[PDB]
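Participant: Submitted below is the structure of interest, expressed as structure tokens.
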Amino acid sequence: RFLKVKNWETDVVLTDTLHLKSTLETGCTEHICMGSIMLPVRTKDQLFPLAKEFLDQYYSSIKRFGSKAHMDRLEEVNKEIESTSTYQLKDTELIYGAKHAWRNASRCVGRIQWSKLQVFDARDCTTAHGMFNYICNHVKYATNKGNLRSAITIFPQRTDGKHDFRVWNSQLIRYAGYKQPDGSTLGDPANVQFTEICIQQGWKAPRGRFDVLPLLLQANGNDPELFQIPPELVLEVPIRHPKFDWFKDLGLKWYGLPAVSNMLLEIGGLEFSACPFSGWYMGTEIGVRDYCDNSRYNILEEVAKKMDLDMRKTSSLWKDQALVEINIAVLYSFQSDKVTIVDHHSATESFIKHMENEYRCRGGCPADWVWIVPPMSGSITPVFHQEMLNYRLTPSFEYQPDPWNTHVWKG
Amino acid sequence: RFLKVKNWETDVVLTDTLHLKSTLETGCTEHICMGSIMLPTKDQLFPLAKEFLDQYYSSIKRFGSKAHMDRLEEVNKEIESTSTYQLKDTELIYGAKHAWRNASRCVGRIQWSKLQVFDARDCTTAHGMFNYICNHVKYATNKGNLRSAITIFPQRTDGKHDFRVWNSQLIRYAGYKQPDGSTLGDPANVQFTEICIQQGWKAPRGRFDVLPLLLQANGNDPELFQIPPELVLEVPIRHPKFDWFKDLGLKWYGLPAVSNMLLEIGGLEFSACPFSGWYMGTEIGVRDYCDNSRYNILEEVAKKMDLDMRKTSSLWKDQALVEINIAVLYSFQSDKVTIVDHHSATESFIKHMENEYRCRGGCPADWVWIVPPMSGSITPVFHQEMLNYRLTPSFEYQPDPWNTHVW
Ligand code: HEM
Ligand code: HEM
Ligand SMILES: CCc1cc(CNC)cc(OCc2ccc3ccc(N)nc3c2)c1
Ligand SMILES: CCc1cc(CNC)cc(OCc2ccc3ccc(N)nc3c2)c1
Ligand SMILES: C[C@H](O)[C@H](O)[C@H]1CNc2nc(N)[nH]c(=O)c2N1
Ligand SMILES: C[C@H](O)[C@H](O)[C@H]1CNc2nc(N)[nH]c(=O)c2N1
Ligand SMILES: [Zn+2]
């Protein structure tokens, strides 16, 4: 079957055949679309088809399909499964899998970069201290003094689900959130619950607006352990505005390295429950969502108040006006400090080029419009006018429930 | 099967049971989501009529009444006999209001029950359509105090005698493909502005020329009519701060009046059913003014603001976009013409969603269309999970007449 997408700004039409290789489900049916829904122990019965499919893909990509090398590997993986009820990926396979998980991440606008991922194999890791060391090296490598580099560090796969490796942090670097008795919040409200856990686990909280959280690391299903990232490794950027001198005095800064650490990497049926990865920021992640979401730092009012905007009626668009300057300031600051960042205009433009290239060479590019379109200035970016097909390919990054909701405490 | 939707800004969770009464298809499957795709006989008819009459008589607290059964058999007889049927006025009004209530892409549905329905089913000629439409326009505009309205022309019979309004909106500005290669007026209407001239219009080849109506009655060739200028309320666009803004020479019309959709009620098809409400500011300022394939004035406005247009990372496009949308709102409000900003409208819709979940068991909503084209995540609807499904009565899309007209 053929599927056509259209760009209503340029009238370019692309044809999707890749969706036929789609395994997983969307959540949608013929009778309901769950396109805007945010979130819509494995036996051997189902493992070998998943392994075979991955290896068929792998050996196609290296143009060795049906080769003796291909067949032996299948045989090898096969025996290893029914002998051990799992199997191990070769280094080459792991690298391929991680890159393609990224390539398949339909909610990621940054995928033009997917082929240049630095994969750190941490499958020989056994303890939380080992995890901390690997993560430090990831952060140092990825940060690269502000010239950021995409990286992923992959810890050992799940076995019985009773020995999981997990990073309890949602990102490697994030600021603490503290709920005050008067109901207000100090720091990042998104992180209040995790902060509390850390504090409970023995973390001594500086209780400021921008405390970098400690890593909380779980190895081999053991109780997690606290570690402080060395501050010299945490690159941060003070936020100032190129024309507004009072903006510096708002006291804002942000960290340079976005490193998501709570997702699950699936490759050939194998589940890597700890696989922190990092790229670099799109400006709006910080300027729009982190600073201006009502449920986050929520600085729109103070900025608008300092701009002397008409804040009495919404139709003045004072919120809209302050939002733009804040995002200007975030971009200005990162660029002035020579820290890699991309504006939403450049990023969406690159993604369209990527997507078109993917249709030509791959026969498709699964893409989640709801997530690809930036949280401000939607229709003046080219992805707004781009029709997209969303479907799920493997290898993939998957959501997993927060570890504190499922962890069996040892003590 | 009983679905939950979460607001991630407020943690509020609503349970949706209404989707289980869905009939039409979404375009989606379990394998692929098409959520961002713009455009996905006698025996067919009676279940369709029955389903509608069921929800109608249920709605008036008379489900399973004698009148219900009587109406059912009455309609069933008329179908068996005439191969179609006619709606009672009360049912027509209900169906129209509920078509609007069911429009999953419409952010303005908190107003759905306050709709003025104009029964134009006795119309027989294009001249009659023109008269009905002028009356619609005058009533809806109401000297700037806009009132929602729909005018419903005769239903389809055998597709040979369709009533169609060839305009996409009752009021739109002309677009001309210039010799030097550019485009004067509205580029979205270049083909229609051509067809108008191609059937005898005389364009004042200006920038904001209100297009003539091209009305098709009973399957006949369509006819040109000019809306009396005094019926077309326009708003000169100035900025409350930049006095050079007015020099740009921009204005827009007060009445957004979509006229190319198909209204389906109880299996009956109304191919000519122009309806109107009032603008959300971003429709004009974000889409009509700044879309690349439209008036695309961003670069011009950015210039006069003397913004750094060297690199995209200065967000000059963004900065300009906000000021433009400030001006639109400011102009309309000054001139006492109804308009809603995207903050209040999206706030209205959340409250409306709340209401619909609470009294109806849900509210079909297309997130891709409900979220405004600017400042998305600082409006409440961005953080609102929505379920999209298709309820009847409905507004549907139909081919442009000039691709189908048995000429
Ligand atoms: C290199 C520059 C990159 C940029 C500019 C970028 C940009 C983005 C943005 C803006 C989002 C939406 C995030 C949000 O709004 O919360 C996203 C999502 C995502 N990205 Fe990328 N990204 C980059 C690199 C990467 C890398 C290296 C990976 C993995 C190896 C990755 C995988 C993903 C995944 C799995 C999501 C979806 C998160 C979810 O499902 O909720 N990205 N990206
Ligand atoms: C009264 C104030 C109203 C407001 C503020 C409003 C707002 C909107 C907006 C902003 C859109 C997005 C369309 C676009 O971006 O092109 C829309 C779509 C739509 N509106 Fe409403 N609207 C109003 C009244 C009405 C009325 C009176 C009707 C019908 C009787 C209606 C039916 C629809 C339909 C059917 C669509 C989407 C068409 C489709 O399926 O693609 N609206 N509306
Ligand atoms: C719902 C799961 C989730 C939530 C959130 C925060 N929402 C409040 C963020 C999530 O992932 C967000 C993400 C993932 C990968 C990225 C890679 C690079 C980059 N610059 N940003 C990313 C951002 C996933
Ligand atoms: C695809 C269906 C569609 C397309 C387009 C043009 N987009 C290229 C416009 C459509 O309708 C757009 C519409 C409909 C009803 C409205 C009622 C009030 C209002 N203020 N705006 C409306 C705007 C529907
Ligand atoms: C391709 C994409 O679906 C298309 O650009 C849509 C996106 N969302 C929209 N939303 C509204 N309200 N109006 C539109 O015309 C569109 N266009
Ligand atoms: C309910 C809705 O799906 C949710 O708010 C989504 C919308 N689109 C998004 N898009 C991005 N990039 N990031 C997000 O967190 C979200 N949140
Ligand atoms: Zn869908």
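By order of appearance in the structure tokens: chains A, B, ..., then residues from 1 within every chain, and ligands from 1 in the order shown.
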If the limit is 7 Å from any atom of ligand 4, counting only C-alpha atoms and all ligand atoms, which residues qualify? Return them as a PDB file with N, CA, C and O atoms, in the first residue's frame.

Facilitator:
```pdb
ATOM      1  N   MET B  38      -4.676  16.768   6.534  1.00  0.00           N
ATOM      2  CA  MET B  38      -5.698  17.801   6.349  1.00  0.00           C
ATOM      3  C   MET B  38      -7.042  17.191   5.917  1.00  0.00           C
ATOM      4  O   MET B  38      -8.073  17.452   6.540  1.00  0.00           O
ATOM      5  N   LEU B  39      -7.020  16.357   4.877  1.00  0.00           N
ATOM      6  CA  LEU B  39      -8.253  15.862   4.264  1.00  0.00           C
ATOM      7  C   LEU B  39      -8.297  14.346   4.069  1.00  0.00           C
ATOM      8  O   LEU B  39      -8.096  13.863   2.958  1.00  0.00           O
ATOM      9  N   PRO B 256     -16.144  36.065   9.238  1.00  0.00           N
ATOM     10  CA  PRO B 256     -15.638  34.812   8.686  1.00  0.00           C
ATOM     11  C   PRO B 256     -16.813  33.878   8.412  1.00  0.00           C
ATOM     12  O   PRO B 256     -17.554  33.485   9.320  1.00  0.00           O
ATOM     13  N   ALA B 257     -17.017  33.548   7.150  1.00  0.00           N
ATOM     14  CA  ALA B 257     -18.249  32.869   6.794  1.00  0.00           C
ATOM     15  C   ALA B 257     -17.985  31.751   5.812  1.00  0.00           C
ATOM     16  O   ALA B 257     -18.000  31.960   4.601  1.00  0.00           O
ATOM     17  N   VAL B 258     -17.762  30.558   6.347  1.00  0.00           N
ATOM     18  CA  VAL B 258     -17.349  29.425   5.539  1.00  0.00           C
ATOM     19  C   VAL B 258     -18.525  28.888   4.769  1.00  0.00           C
ATOM     20  O   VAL B 258     -19.599  28.699   5.329  1.00  0.00           O
ATOM     21  N   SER B 276     -21.339  31.177   9.805  1.00  0.00           N
ATOM     22  CA  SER B 276     -20.454  32.248  10.207  1.00  0.00           C
ATOM     23  C   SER B 276     -20.504  32.401  11.714  1.00  0.00           C
ATOM     24  O   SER B 276     -21.516  32.095  12.353  1.00  0.00           O
ATOM     25  N   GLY B 277     -19.388  32.849  12.278  1.00  0.00           N
ATOM     26  CA  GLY B 277     -19.324  33.183  13.684  1.00  0.00           C
ATOM     27  C   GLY B 277     -18.567  34.486  13.763  1.00  0.00           C
ATOM     28  O   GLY B 277     -19.004  35.506  13.232  1.00  0.00           O
ATOM     29  N   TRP B 278     -17.403  34.447  14.403  1.00  0.00           N
ATOM     30  CA  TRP B 278     -16.533  35.609  14.452  1.00  0.00           C
ATOM     31  C   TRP B 278     -15.081  35.160  14.624  1.00  0.00           C
ATOM     32  O   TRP B 278     -14.822  34.039  15.059  1.00  0.00           O
ATOM     33  N   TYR B 279     -14.146  36.040  14.289  1.00  0.00           N
ATOM     34  CA  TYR B 279     -12.736  35.653  14.220  1.00  0.00           C
ATOM     35  C   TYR B 279     -12.049  35.414  15.561  1.00  0.00           C
ATOM     36  O   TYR B 279     -12.303  36.094  16.553  1.00  0.00           O
ATOM     37  N   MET B 280     -11.149  34.442  15.564  1.00  0.00           N
ATOM     38  CA  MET B 280     -10.079  34.438  16.548  1.00  0.00           C
ATOM     39  C   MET B 280      -8.982  35.245  15.885  1.00  0.00           C
ATOM     40  O   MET B 280      -8.732  35.062  14.689  1.00  0.00           O
ATOM     41  N   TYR B 397     -16.250  17.943   4.372  1.00  0.00           N
ATOM     42  CA  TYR B 397     -15.591  18.604   3.257  1.00  0.00           C
ATOM     43  C   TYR B 397     -16.123  18.027   1.964  1.00  0.00           C
ATOM     44  O   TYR B 397     -16.530  16.867   1.922  1.00  0.00           O
TER      45      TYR B 397
END
```

Participant: What do you get as a list in words if you pick all residues at most 6 Å from ligand 3, counting only C-alpha atoms and all ligand atoms?

Facilitator: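 If we count only C-alpha atoms and all ligand atoms, the neighbours of ligand 3 turn out to be residues 38, 258, 260, 278, 279, 280, 281 and 282 of chain A.
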
Participant: Keeping only C-alpha atoms, write those residues as a JSON list (two decimals), in the first residue's frame.

Facilitator:
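Dumped to selection.json:
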```json
[["chain", "number", "residue", "atom", "x", "y", "z"],
["A", 38, "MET", "CA", 0.96, 11.77, 25.75],
["A", 258, "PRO", "CA", 19.86, 17.98, 27.63],
["A", 260, "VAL", "CA", 17.26, 12.15, 28.82],
["A", 278, "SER", "CA", 21.96, 13.58, 25.01],
["A", 279, "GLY", "CA", 22.06, 15.99, 22.11],
["A", 280, "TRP", "CA", 21.76, 19.74, 22.31],
["A", 281, "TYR", "CA", 18.89, 22.13, 23.04],
["A", 282, "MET", "CA", 16.36, 23.68, 20.75]]
```

Participant: Would you mind reading off the distance between atom CA of residue A:320 and atom CA of residue A:292, one decimal, in Å?

Facilitator: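 That distance, rounded to one decimal, is 10.4 Å.
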
Participant: Show me which residues are within 10 Å of ligand 6 counting only C-alpha atoms and all ligand atoms, and format the list as a PDB file with N, CA, C and O atoms, in the first residue's frame.

Facilitator:
```pdb
ATOM      1  N   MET A  34      -5.912   8.970  18.862  1.00  0.00           N
ATOM      2  CA  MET A  34      -5.303   9.273  20.148  1.00  0.00           C
ATOM      3  C   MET A  34      -3.997  10.017  19.935  1.00  0.00           C
ATOM      4  O   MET A  34      -3.126  10.036  20.802  1.00  0.00           O
ATOM      5  N   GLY A  35      -3.906  10.664  18.774  1.00  0.00           N
ATOM      6  CA  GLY A  35      -2.761  11.466  18.381  1.00  0.00           C
ATOM      7  C   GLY A  35      -2.233  12.459  19.400  1.00  0.00           C
ATOM      8  O   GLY A  35      -1.045  12.794  19.371  1.00  0.00           O
ATOM      9  N   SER A  36      -3.082  12.944  20.300  1.00  0.00           N
ATOM     10  CA  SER A  36      -2.606  13.943  21.263  1.00  0.00           C
ATOM     11  C   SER A  36      -2.452  13.381  22.674  1.00  0.00           C
ATOM     12  O   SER A  36      -2.116  14.110  23.611  1.00  0.00           O
ATOM     13  N   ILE A  37      -2.690  12.084  22.827  1.00  0.00           N
ATOM     14  CA  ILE A  37      -2.472  11.426  24.110  1.00  0.00           C
ATOM     15  C   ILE A  37      -0.969  11.260  24.338  1.00  0.00           C
ATOM     16  O   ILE A  37      -0.262  10.717  23.482  1.00  0.00           O
ATOM     17  N   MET A  38      -0.488  11.737  25.485  1.00  0.00           N
ATOM     18  CA  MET A  38       0.957  11.773  25.747  1.00  0.00           C
ATOM     19  C   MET A  38       1.549  10.364  25.950  1.00  0.00           C
ATOM     20  O   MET A  38       2.572  10.039  25.355  1.00  0.00           O
ATOM     21  N   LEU A  39       0.893   9.529  26.755  1.00  0.00           N
ATOM     22  CA  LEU A  39       1.367   8.160  26.985  1.00  0.00           C
ATOM     23  C   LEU A  39       0.312   7.121  26.608  1.00  0.00           C
ATOM     24  O   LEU A  39      -0.494   6.718  27.445  1.00  0.00           O
ATOM     25  N   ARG A 107       8.800  11.568  17.576  1.00  0.00           N
ATOM     26  CA  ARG A 107       8.567  12.839  18.261  1.00  0.00           C
ATOM     27  C   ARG A 107       9.806  13.735  18.263  1.00  0.00           C
ATOM     28  O   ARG A 107       9.763  14.835  18.808  1.00  0.00           O
ATOM     29  N   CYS A 108      10.895  13.283  17.639  1.00  0.00           N
ATOM     30  CA  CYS A 108      12.156  14.042  17.651  1.00  0.00           C
ATOM     31  C   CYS A 108      12.415  14.846  16.378  1.00  0.00           C
ATOM     32  O   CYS A 108      12.589  14.286  15.291  1.00  0.00           O
ATOM     33  N   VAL A 109      12.477  16.166  16.527  1.00  0.00           N
ATOM     34  CA  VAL A 109      12.697  17.059  15.392  1.00  0.00           C
ATOM     35  C   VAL A 109      14.184  17.129  15.040  1.00  0.00           C
ATOM     36  O   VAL A 109      14.572  17.650  13.995  1.00  0.00           O
ATOM     37  N   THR A 284      13.507  26.693  22.310  1.00  0.00           N
ATOM     38  CA  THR A 284      12.169  26.741  22.872  1.00  0.00           C
ATOM     39  C   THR A 284      11.957  25.751  24.004  1.00  0.00           C
ATOM     40  O   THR A 284      11.069  25.947  24.836  1.00  0.00           O
ATOM     41  N   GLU A 285      12.747  24.679  24.041  1.00  0.00           N
ATOM     42  CA  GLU A 285      12.656  23.747  25.159  1.00  0.00           C
ATOM     43  C   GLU A 285      12.842  24.497  26.468  1.00  0.00           C
ATOM     44  O   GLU A 285      12.091  24.295  27.420  1.00  0.00           O
ATOM     45  N   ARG A 289       9.029  26.213  27.173  1.00  0.00           N
ATOM     46  CA  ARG A 289       8.492  25.226  28.107  1.00  0.00           C
ATOM     47  C   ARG A 289       9.065  25.379  29.535  1.00  0.00           C
ATOM     48  O   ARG A 289       8.309  25.643  30.476  1.00  0.00           O
ATOM     49  N   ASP A 368       5.590  12.670  14.529  1.00  0.00           N
ATOM     50  CA  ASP A 368       4.477  13.047  15.382  1.00  0.00           C
ATOM     51  C   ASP A 368       4.275  14.574  15.365  1.00  0.00           C
ATOM     52  O   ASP A 368       4.929  15.322  16.109  1.00  0.00           O
ATOM     53  N   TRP A 369       3.339  15.009  14.525  1.00  0.00           N
ATOM     54  CA  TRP A 369       3.085  16.430  14.294  1.00  0.00           C
ATOM     55  C   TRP A 369       2.915  17.157  15.609  1.00  0.00           C
ATOM     56  O   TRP A 369       3.506  18.222  15.818  1.00  0.00           O
ATOM     57  N   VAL A 370       2.139  16.557  16.507  1.00  0.00           N
ATOM     58  CA  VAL A 370       1.836  17.181  17.789  1.00  0.00           C
ATOM     59  C   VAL A 370       3.113  17.544  18.552  1.00  0.00           C
ATOM     60  O   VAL A 370       3.145  18.551  19.267  1.00  0.00           O
ATOM     61  N   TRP A 371       4.177  16.749  18.372  1.00  0.00           N
ATOM     62  CA  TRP A 371       5.447  17.023  19.049  1.00  0.00           C
ATOM     63  C   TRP A 371       6.475  17.758  18.176  1.00  0.00           C
ATOM     64  O   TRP A 371       7.237  18.581  18.677  1.00  0.00           O
ATOM     65  N   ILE A 372       6.498  17.468  16.877  1.00  0.00           N
ATOM     66  CA  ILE A 372       7.442  18.127  15.969  1.00  0.00           C
ATOM     67  C   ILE A 372       7.224  19.652  15.879  1.00  0.00           C
ATOM     68  O   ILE A 372       8.188  20.423  15.845  1.00  0.00           O
ATOM     69  N   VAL A 373       5.965  20.089  15.831  1.00  0.00           N
ATOM     70  CA  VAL A 373       5.664  21.517  15.807  1.00  0.00           C
ATOM     71  C   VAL A 373       6.033  22.214  17.130  1.00  0.00           C
ATOM     72  O   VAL A 373       5.554  21.830  18.203  1.00  0.00           O
ATOM     73  N   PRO A 374       6.892  23.241  17.048  1.00  0.00           N
ATOM     74  CA  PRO A 374       7.385  23.982  18.216  1.00  0.00           C
ATOM     75  C   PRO A 374       6.253  24.617  19.030  1.00  0.00           C
ATOM     76  O   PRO A 374       5.200  24.926  18.463  1.00  0.00           O
ATOM     77  N   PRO A 375       6.470  24.801  20.347  1.00  0.00           N
ATOM     78  CA  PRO A 375       5.475  25.314  21.304  1.00  0.00           C
ATOM     79  C   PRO A 375       5.210  26.815  21.204  1.00  0.00           C
ATOM     80  O   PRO A 375       4.354  27.330  21.916  1.00  0.00           O
TER      81      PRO A 375
ATOM     82  N   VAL B   5      -8.796  11.297  29.396  1.00  0.00           N
ATOM     83  CA  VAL B   5      -7.956  12.351  28.845  1.00  0.00           C
ATOM     84  C   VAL B   5      -7.413  13.186  29.988  1.00  0.00           C
ATOM     85  O   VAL B   5      -8.133  13.530  30.924  1.00  0.00           O
ATOM     86  N   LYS B   6      -6.125  13.493  29.916  1.00  0.00           N
ATOM     87  CA  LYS B   6      -5.457  14.201  30.992  1.00  0.00           C
ATOM     88  C   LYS B   6      -5.029  15.596  30.554  1.00  0.00           C
ATOM     89  O   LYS B   6      -4.531  15.772  29.446  1.00  0.00           O
ATOM     90  N   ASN B   7      -5.230  16.583  31.417  1.00  0.00           N
ATOM     91  CA  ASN B   7      -4.578  17.877  31.247  1.00  0.00           C
ATOM     92  C   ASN B   7      -3.280  17.858  32.052  1.00  0.00           C
ATOM     93  O   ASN B   7      -3.323  17.684  33.265  1.00  0.00           O
ATOM     94  N   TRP B   8      -2.136  18.045  31.398  1.00  0.00           N
ATOM     95  CA  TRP B   8      -0.848  17.906  32.093  1.00  0.00           C
ATOM     96  C   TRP B   8      -0.416  19.183  32.807  1.00  0.00           C
ATOM     97  O   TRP B   8       0.586  19.197  33.519  1.00  0.00           O
ATOM     98  N   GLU B   9      -1.169  20.258  32.603  1.00  0.00           N
ATOM     99  CA  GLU B   9      -0.923  21.531  33.267  1.00  0.00           C
ATOM    100  C   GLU B   9      -1.671  21.558  34.598  1.00  0.00           C
ATOM    101  O   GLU B   9      -1.194  22.108  35.591  1.00  0.00           O
ATOM    102  N   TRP B 367      -6.640  18.119  18.360  1.00  0.00           N
ATOM    103  CA  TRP B 367      -5.572  18.922  18.957  1.00  0.00           C
ATOM    104  C   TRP B 367      -4.777  19.714  17.917  1.00  0.00           C
ATOM    105  O   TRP B 367      -4.436  20.864  18.134  1.00  0.00           O
ATOM    106  N   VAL B 368      -4.500  19.088  16.782  1.00  0.00           N
ATOM    107  CA  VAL B 368      -3.763  19.743  15.708  1.00  0.00           C
ATOM    108  C   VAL B 368      -4.416  21.061  15.244  1.00  0.00           C
ATOM    109  O   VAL B 368      -3.709  22.003  14.848  1.00  0.00           O
ATOM    110  N   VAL B 371      -5.181  23.823  18.917  1.00  0.00           N
ATOM    111  CA  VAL B 371      -4.032  24.602  19.364  1.00  0.00           C
ATOM    112  C   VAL B 371      -3.725  25.714  18.366  1.00  0.00           C
ATOM    113  O   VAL B 371      -3.499  25.436  17.191  1.00  0.00           O
ATOM    114  N   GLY B 376       1.568  28.464  21.148  1.00  0.00           N
ATOM    115  CA  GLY B 376       0.897  27.218  21.476  1.00  0.00           C
ATOM    116  C   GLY B 376       0.922  26.789  22.934  1.00  0.00           C
ATOM    117  O   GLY B 376      -0.146  26.600  23.521  1.00  0.00           O
ATOM    118  N   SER B 377       2.109  26.642  23.536  1.00  0.00           N
ATOM    119  CA  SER B 377       2.164  26.024  24.858  1.00  0.00           C
ATOM    120  C   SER B 377       1.800  26.987  25.986  1.00  0.00           C
ATOM    121  O   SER B 377       1.662  26.563  27.125  1.00  0.00           O
ATOM    122  N   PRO B 380      -3.977  27.065  27.310  1.00  0.00           N
ATOM    123  CA  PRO B 380      -4.256  25.848  28.080  1.00  0.00           C
ATOM    124  C   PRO B 380      -4.486  24.608  27.209  1.00  0.00           C
ATOM    125  O   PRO B 380      -4.225  23.502  27.686  1.00  0.00           O
ATOM    126  N   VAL B 381      -4.939  24.779  25.966  1.00  0.00           N
ATOM    127  CA  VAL B 381      -5.275  23.615  25.153  1.00  0.00           C
ATOM    128  C   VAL B 381      -4.051  22.791  24.739  1.00  0.00           C
ATOM    129  O   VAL B 381      -4.187  21.601  24.452  1.00  0.00           O
ATOM    130  N   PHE B 382      -2.867  23.407  24.721  1.00  0.00           N
ATOM    131  CA  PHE B 382      -1.621  22.691  24.379  1.00  0.00           C
ATOM    132  C   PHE B 382      -1.386  21.511  25.315  1.00  0.00           C
ATOM    133  O   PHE B 382      -0.920  20.446  24.906  1.00  0.00           O
ATOM    134  N   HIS B 383      -1.720  21.711  26.580  1.00  0.00           N
ATOM    135  CA  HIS B 383      -1.461  20.720  27.602  1.00  0.00           C
ATOM    136  C   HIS B 383      -2.651  19.797  27.812  1.00  0.00           C
ATOM    137  O   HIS B 383      -2.641  18.931  28.701  1.00  0.00           O
ATOM    138  N   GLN B 384      -3.667  19.974  26.980  1.00  0.00           N
ATOM    139  CA  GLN B 384      -4.894  19.202  27.102  1.00  0.00           C
ATOM    140  C   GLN B 384      -4.924  18.032  26.132  1.00  0.00           C
ATOM    141  O   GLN B 384      -5.029  18.242  24.916  1.00  0.00           O
ATOM    142  N   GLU B 385      -4.841  16.811  26.657  1.00  0.00           N
ATOM    143  CA  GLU B 385      -5.072  15.635  25.822  1.00  0.00           C
ATOM    144  C   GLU B 385      -6.485  15.727  25.259  1.00  0.00           C
ATOM    145  O   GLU B 385      -7.396  16.170  25.954  1.00  0.00           O
ATOM    146  N   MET B 386      -6.650  15.329  24.000  1.00  0.00           N
ATOM    147  CA  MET B 386      -7.951  15.336  23.342  1.00  0.00           C
ATOM    148  C   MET B 386      -8.157  14.062  22.545  1.00  0.00           C
ATOM    149  O   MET B 386      -7.212  13.504  21.983  1.00  0.00           O
TER     150      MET B 386
END
```

Participant: Excluding residue B:118 and any residue of its chain fewer than 4 positions from it, enumerate the residues within 9 Å of it, using only C-alpha atoms, and give them as a ChimeraX atom specification.

Facilitator: /B:93,132,136,149-153

Participant: Set the distance at 12 Å and use only C-alpha atoms: which residues neighbour residue B:334 once local chain neighbours fewer than 3 positions away are removed? I'd like the list as a short mmCIF file (atom, residue, chain, number, x, y, z; two decimals) with N, CA, C and O atoms, in the first residue's frame.

Facilitator:
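Final output, around.cif:
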```cif
data_model
loop_
_atom_site.label_atom_id
_atom_site.label_comp_id
_atom_site.auth_asym_id
_atom_site.auth_seq_id
_atom_site.Cartn_x
_atom_site.Cartn_y
_atom_site.Cartn_z
N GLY B 144 -21.29 45.08 13.71
CA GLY B 144 -20.07 44.77 14.43
C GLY B 144 -20.27 43.87 15.62
O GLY B 144 -19.32 43.25 16.11
N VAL B 235 -12.33 46.22 8.79
CA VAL B 235 -11.58 46.87 9.85
C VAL B 235 -10.20 47.32 9.36
O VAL B 235 -9.35 46.48 9.02
N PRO B 236 -9.97 48.64 9.32
CA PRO B 236 -8.65 49.15 8.97
C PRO B 236 -7.68 48.68 10.04
O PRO B 236 -8.04 48.72 11.21
N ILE B 237 -6.49 48.23 9.66
CA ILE B 237 -5.58 47.65 10.66
C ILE B 237 -4.47 48.63 11.02
O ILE B 237 -3.62 48.98 10.19
N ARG B 238 -4.49 49.07 12.27
CA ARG B 238 -3.43 49.91 12.80
C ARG B 238 -2.88 49.30 14.09
O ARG B 238 -3.51 48.45 14.71
N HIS B 239 -1.69 49.74 14.48
CA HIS B 239 -1.05 49.27 15.70
C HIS B 239 -1.16 50.34 16.78
O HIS B 239 -0.96 51.52 16.51
N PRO B 240 -1.48 49.93 18.02
CA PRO B 240 -1.67 50.88 19.12
C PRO B 240 -0.39 51.62 19.53
O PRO B 240 -0.46 52.47 20.42
N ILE B 326 -1.12 41.85 17.74
CA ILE B 326 -1.59 42.90 18.64
C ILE B 326 -2.44 43.90 17.86
O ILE B 326 -3.48 44.33 18.34
N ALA B 327 -1.99 44.24 16.65
CA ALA B 327 -2.66 45.27 15.84
C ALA B 327 -4.04 44.84 15.41
O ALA B 327 -5.00 45.60 15.49
N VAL B 328 -4.14 43.60 14.93
CA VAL B 328 -5.41 43.03 14.50
C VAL B 328 -6.45 43.14 15.61
O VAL B 328 -7.53 43.72 15.41
N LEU B 329 -6.10 42.61 16.77
CA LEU B 329 -6.96 42.66 17.94
C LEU B 329 -7.31 44.10 18.29
O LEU B 329 -8.47 44.42 18.53
N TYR B 330 -6.30 44.96 18.30
CA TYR B 330 -6.48 46.36 18.67
C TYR B 330 -7.42 47.08 17.72
O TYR B 330 -8.23 47.90 18.14
N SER B 331 -7.29 46.78 16.44
CA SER B 331 -8.10 47.42 15.42
C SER B 331 -9.57 47.02 15.56
O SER B 331 -10.47 47.88 15.60
N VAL B 337 -15.85 45.71 16.67
CA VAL B 337 -16.18 44.52 15.90
C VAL B 337 -15.79 43.29 16.71
O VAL B 337 -14.66 43.20 17.18
N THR B 338 -16.73 42.36 16.86
CA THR B 338 -16.46 41.16 17.65
C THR B 338 -15.16 40.47 17.20
O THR B 338 -14.91 40.33 16.00
N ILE B 339 -14.33 40.09 18.15
CA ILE B 339 -13.15 39.28 17.87
C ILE B 339 -12.71 38.68 19.19
O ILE B 339 -12.99 39.24 20.26
#
```

Participant: Just want the residues within 9 Å of ligand 7, written as a list in words, counting only C-alpha atoms and all ligand atoms.

Facilitator: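 Counting only what the definition allows, namely only C-alpha atoms and all ligand atoms, the set is residues 26, 27, 28, 29, 30, 32, 33, 34, 35, 36 and 390 of chain A; 26, 27, 28, 29, 30, 32, 33, 34, 35, 36 and 388 of chain B.
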
Participant: Considering only alpha helix (DSSP H) as DSSP defines it on the backbone, what residues of stretch 53-276 of chain A qualify? List them as a PyMOL selection string.

Facilitator: chain A and resi 53-61+68-84+91-103+128-143+192-200
